[PDB]
Amino acid sequence: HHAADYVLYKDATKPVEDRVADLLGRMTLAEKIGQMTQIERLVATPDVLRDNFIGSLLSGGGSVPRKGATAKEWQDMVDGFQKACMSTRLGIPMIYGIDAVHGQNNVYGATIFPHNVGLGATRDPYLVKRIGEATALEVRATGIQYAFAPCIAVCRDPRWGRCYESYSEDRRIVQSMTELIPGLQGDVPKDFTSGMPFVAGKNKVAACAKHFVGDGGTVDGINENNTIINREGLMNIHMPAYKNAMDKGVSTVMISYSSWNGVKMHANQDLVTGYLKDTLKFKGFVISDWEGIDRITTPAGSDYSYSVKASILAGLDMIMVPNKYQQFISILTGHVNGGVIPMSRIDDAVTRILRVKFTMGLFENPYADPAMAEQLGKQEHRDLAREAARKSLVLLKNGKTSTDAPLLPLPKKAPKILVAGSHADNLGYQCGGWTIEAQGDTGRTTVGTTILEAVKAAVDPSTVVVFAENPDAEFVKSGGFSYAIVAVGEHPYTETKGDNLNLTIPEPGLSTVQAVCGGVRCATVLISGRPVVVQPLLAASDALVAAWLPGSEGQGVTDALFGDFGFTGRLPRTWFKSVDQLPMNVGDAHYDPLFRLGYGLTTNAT
Ligand SMILES: CO[C@@H]1O[C@H](CS[C@@H]2O[C@H](CO)[C@@H](O)[C@H](O)[C@H]2O)[C@@H](O)[C@H](O)[C@H]1O
């Protein structure tokens, strides 16, 4: 179609499939295997990206150009990498991926939304869609086009260190929250074929349904372990939300480190090719987890030649290497050269990668938009996060006896009030994991409002607010306080570091609640990624709120405490009496919860 040096794949007016086929048919083996290779920014240079025809980059948790980097610094980094990729013979743009799983959370100044478990407590799929929309804008503010979200794990045991990344133990809730996908990517058109990838354009991002499949079903909640369940249970609990994701055009799917009945997901041809591709008709690309292919073997990495063979034959399309690209490319090239992996398999992987890139507009807008930088941390997005935080809160108790005056909502005007606890003024703790670092961190790690700051912003000017992190009983009795707000809970974690067999919060936590509540009426705000042993906290407290990991906008907490809005959140998970009961989920035979899934007290707004 017209000029003498015309190249069909570069023509934006042509159908995606025609562009894919046109480009595929010109590519060398090295160019093909390049597309299948994703590397860490930490090992990328312009020559590396050119010379190896690299298809994708990522930032793993905490992989940042520098601490405190501006949106523009991120854009310039991504563009620098893209410039090298566009300078190859075929000029295939790279796609840059990142864990934007509760906002653009590796980035300083990014709006941090509540983690998934709290979003499940909202029962508000449209809220979650709007969070996807806002997150896409903040990811594109940093020049990034691809988010490794949503985690649609159905966490069946809260001892798992990633349970907070699951909307619920009930697959129906997880299914409802797949609305994140069209928020991130845009709504699919009227006549859309389930399983096709979709991204609307340069103001949206490619999404990733992860981790396929049964990541939330592992024995004793051990991260990356074995999920022992028959096909019927796999298909009834862990699979359904993947079909919803297909219906909404999710662009990519990431494979789980976990195994199903002893078979590594990263080597499972029956599930990856037979089910996801051949039965659900998924036409986007399948990506490994981080060194996921390495971990097929025991020990990990002990037969990388086998890792590459098993994974690519299983049907994986792009490998998150993420460091040893030379070895990955060398081994896969050798396998193809020796007939161990057929060209049909390579061509399928590349067809899928290119399909996603053409569909999302990446060949038309390979570079960042500097006018998008100002989307980072935008007040409109913080207002949305604040709404979500407030809606996520589950009121578990509001009075020690049925005859007591309800403590909540608290009055904004009082002569003197106490704010206490390890989690009352610690932004990192209220954000939890996947915030600035993978494991999260402590203290003022980004821009936000702590619970203490939110209290001070809310109360009448005449109200004196005293902070004490861990006051003793005498301090509280002597203080002339009208009431106290005390916040305690879990420290930030992810993955295996979060795996926890006892689920009791660190001290001082309980001891501070006991000291405060022993001296004055108290509302305890429990910050956690999951249910934790709570009877002792309940016994001490007049009121208690499960606030989960509410993110940067602590005013969400105080919006409910002071009655600007009523409490509406409902448990998205069973609250156990004892860890000895676990696993224990709604619908089980022996179901003996402290609080059943769906439980939540309410209040009315003042
Ligand atoms: C800094 O990168 C590494 O992060 C991983 C987290 S594990 C794996 O990582 C993917 C890419 O960030 C995620 O999309 C996926 O959900 C995770 O399962 C960790 O293993 C390393 O500690 C860390 O260096």
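Rules and cut-offs
- Along every chain, residues receive numbers from 1 upward following the written sequence, which is not necessarily the numbering found in the entry; those without coordinates are excluded from display.
- Just so you know, side-chain values use all the structure's heavy atoms and leave hydrogens and water out.
- Numbering goes from the N terminus for both helices and strands, where a helix is a DSSP run of H or I of at least four residues and a strand is a run of E of at least two.
- Each radius of gyration reported is based on C-alpha atoms, and the globular scaling rule is 2.2 Å times the count of residues to the power 0.38.
- Between buried and exposed lies partly exposed: a residue is buried under 20% and exposed over 50% of the maximum accessible area for its type, with that area taken using a 1.4 Å probe on protein chains only.
- Note on definitions: a residue-residue contact is assigned when non-hydrogen atoms from the two residues lie within 4.5 Å.
- For the area figures, the Shrake-Rupley method with a 1.4 Å probe applies, and any residue is considered shielded solely by the protein chains shown.
- A positive count includes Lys and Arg, and a negative count includes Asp and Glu. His and the chain ends are not counted in either.
- To locate a charge, the coordinates of NZ of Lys, CZ of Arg, CG of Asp or CD of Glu are taken.
- What makes a residue near a molecule or strand is one non-hydrogen atom of that residue sitting within 4 Å of it.
- Residues adjacent in sequence count toward polar contacts only when both atoms are side-chain atoms; beyond that, a polar contact is any pair of N or O atoms within 3.5 Å, and within protein one must be able to donate a hydrogen and the other to accept it.
- In the scheme used here, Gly and all other residues not listed as nonpolar or charged are polar, with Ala, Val, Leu, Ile, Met, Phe, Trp, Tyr, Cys and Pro taken as nonpolar and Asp, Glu, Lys and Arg as charged.
- The source of the domain bounds is an automatic or database domain assignment.
- Summed over both partners, the accessible area lost on bringing two parts together, with a 1.4 Å probe, is the buried area.
- Definition used for salt bridges: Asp or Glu carboxyl oxygen within 4 Å of a side-chain nitrogen of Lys or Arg.
- In plain words, nonpolar cores are sets of buried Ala, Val, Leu, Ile, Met, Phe, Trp, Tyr and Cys residues tied together by side-chain atoms within 4.5 Å.
- The rule for a disulfide is simple: a pair of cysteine sulfur atoms within 2.5 Å.
- Should DSSP find at least two bridges between two strands, the strands are regarded as paired.
- Orienting the strands away from the viewer, one traces the path from the first strand over the helix to the second; a clockwise path indicates a right-handed crossover.
- Within 6.5 Å between ring centres, the rings of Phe, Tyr and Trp (the latter by its six-membered ring) count as paired, and their orientation is classed by plane angle as stacked under 30 degrees, edge-to-face over 60, tilted in between.
- In our convention, an over-ring charge means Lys NZ or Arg CZ found within 6 Å of a ring centre and within 35 degrees of that ring's normal.

Novice: Explanation requested: the overall build of the protein chain in the structure shown.
Specialist: Along the backbone of the protein chain there are 22 helices and 17 strands. Taken over C-alpha atoms, the radius of gyration comes to 25 Å for the protein chain, in line with the 25 Å a tight globule of 606 residues would show. Referenced to the eigenvectors of the C-alpha coordinate spread, the extents of the protein chain come out at roughly 85 × 50 × 45 Å. The buried share of the protein chain, taken over its 606 residues, is 63%. In the protein chain, of all internal contacts separated by at least 6 residues, the share reaching a separation of at least 24 is 77%. In the form shown here, the protein chain has an accessible surface area of approximately 20700 Å², with 51% of it arising from carbon and sulfur atoms. With 59 positive and 63 negative side-chain charges, the protein chain shows a separation of 3 Å between the mean positions of the two kinds.

Novice: Explain the site of the ligand here, please?
Specialist: Not every one of the 15 residues close to the ligand is listed here, only the nearest: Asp99, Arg162, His211, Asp289 and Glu495. For the ligand, an oxygen atom lies 2.7 Å from a polar atom in the side chain of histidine 211. Burial of the ligand by the surrounding chains reaches 81%, relative to a free accessible area of 520 Å². For the shell around the ligand, the class distribution of residues is seven nonpolar, three polar and five charged.

Novice: How should I be thinking about the domain arrangement of the protein chain in this particular structure?
Specialist: When the parts of a complex come together, some accessible area is lost, and that lost area is often taken as the interface size. Looking at the assigned domains, one finds that the protein chain contains domain 1 (1-377) and domain 2 (378-563). Here the C-alpha centroids of domain 1 and domain 2 sit 36 Å apart. Contact with domain 1, which involves 46 residues of that partner, is made by 41 residues of domain 2. Surface buried jointly by domain 1 and domain 2 totals about 3300 Å² across both partners, of which 58% is contributed by carbon and sulfur atoms. Two residues, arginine 130 and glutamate 387, come together in a salt bridge whose shortest N-O distance is 2.7 Å. Inspection of the domain 1/domain 2 interface yields 26 residue pairs in polar contact. Broken down by element, the side of domain 1 that touches domain 2 gets its largest block of residues, six residues, from helix α6 (residues 125-141). Grouping the constituent residues of the side of domain 1 that touches domain 2 by class yields 20 nonpolar, 15 polar and eleven charged.

Novice: How should the environment of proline 65 be read in this particular structure?
Specialist: Inspection of the secondary structure assignment puts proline 65 in the loop between β2 (56-59) and α4 (71-86). According to the relative accessible area criterion, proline 65 is partly exposed, its value standing at 30%. Setting aside its immediate chain neighbours within four residues, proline 65 contacts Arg41, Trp74 and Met77.

Novice: For this particular structure, what's the right way to read unusual backbone geometry?
Specialist: With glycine set apart, most residues show a phi of negative sign, and most peptide bonds adopt trans. In this chain, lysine 210 is followed by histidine 211 through a cis amide linkage whose omega measures -10°. A cis amide bond, omega 0°, links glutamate 507 with the succeeding residue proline 508. Structurally, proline 508 can be placed in the loop between α19 (495-498) and α20 (510-517). Of note, the phi angle at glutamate 224 is positive, near 70°, even though the residue is not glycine. Residue placement: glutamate 224 occurs in the loop between β5 (208-212) and β6 (226-227). The backbone phi angle of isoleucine 436 is positive, close to 70°, even though this residue is not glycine. Relative to the helices and strands, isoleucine 436 resides in the loop between α16 (427-431) and α17 (451-458).

Novice: Whenever I open this one, the nonpolar core confuses me. Can you help?
Specialist: It is characteristic of soluble globular proteins that their nonpolar side chains tend to be buried jointly. Grouped together as the largest cluster of nonpolar side chains are 185 residues, with contacts concentrated most on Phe212, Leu332, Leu408 and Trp575. Domain assignment of the residues forming this core places at least three in each of domain 1 (1-377) and domain 2 (378-563). Those residues in contact with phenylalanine 212 that sit more than four places away from it in its chain are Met239, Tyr242, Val253, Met254, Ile255, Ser256, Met265, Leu271, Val272 and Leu276.

Novice: Hey, could you run me through the state of the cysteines in this one?
Specialist: Note on terminology: disulfide describes a covalent bond linking the sulfur atoms of two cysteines. Using the criterion set out here, one finds two disulfides in the structure. Across the disulfide, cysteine 155 is cross-linked to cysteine 163 (sulfur-sulfur distance 2.1 Å). Classification of the bridge connecting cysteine 155 and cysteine 163 rests on its S-S torsion, roughly -105°, and on that basis the disulfide is left-handed. Across the pair, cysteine 163 and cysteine 155 agree in class, each one buried. Between the sulfur atoms of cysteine 517 and its disulfide partner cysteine 522 the distance amounts to 2.0 Å. Looking along the S-S bond of the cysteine 517-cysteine 522 disulfide, the torsion reads about 100°, which is the right-handed sense. Its relative accessible area of 8% is what places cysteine 517 among the buried residues. When the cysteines engaged in disulfides are numbered in sequence order, the protein chain pairs them as 1-2, 3-4. The structure places no disulfide on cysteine 85, whose sulfur is separated from the nearest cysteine sulfur, that of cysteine 208, by 20 Å. Looking at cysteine 85, the relative accessible area reads 1%, which means it is buried.

Novice: Is there a simple way to explain the pairing of strand β16 (residues 522-527) in this structure?
Specialist: Note on strand geometry: in a regular strand, side chains alternate between the two faces of the sheet. Taking burial as the measure, the six residues of β16 include six buried ones, the bulk of the element. Neither face of β16 is exposed, since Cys522, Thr524 and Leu526 on one face and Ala523, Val525 and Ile527 on the opposite face are all buried. Two strands pair when backbone bridges link them, and strand β15 (residues 484-489) and β16 are joined in this way by six bridges, in the parallel orientation. Bridging across to β16, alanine 484 finds its partner in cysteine 522. With helix α21 (residues 535-540) bridging β16 and its parallel neighbour strand β17 (residues 543-548), the resulting β-α-β unit is right-handed.

Novice: How should the packing of aromatic side chains be read in this particular structure?
Specialist: How two aromatic rings sit relative to each other is set out by the distance from centre to centre and by the angle between their planes. One pass over the structure, following the stated rule, counts eleven aromatic pairs. Ring centres of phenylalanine 358 and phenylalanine 363 lie 3.9 Å apart, and the angle between their planes is 10°; this geometry places the pair in the stacked category. Aromatic ring contacts, followed pair by pair, group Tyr9, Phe358 and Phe363 into a single cluster. Sitting over the face of the ring of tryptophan 434, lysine 210 holds its NZ or CZ atom 6.0 Å from the ring centroid. Taking NZ or CZ as reference, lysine 324 lies 6.0 Å from the ring centre of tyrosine 325, over its face.

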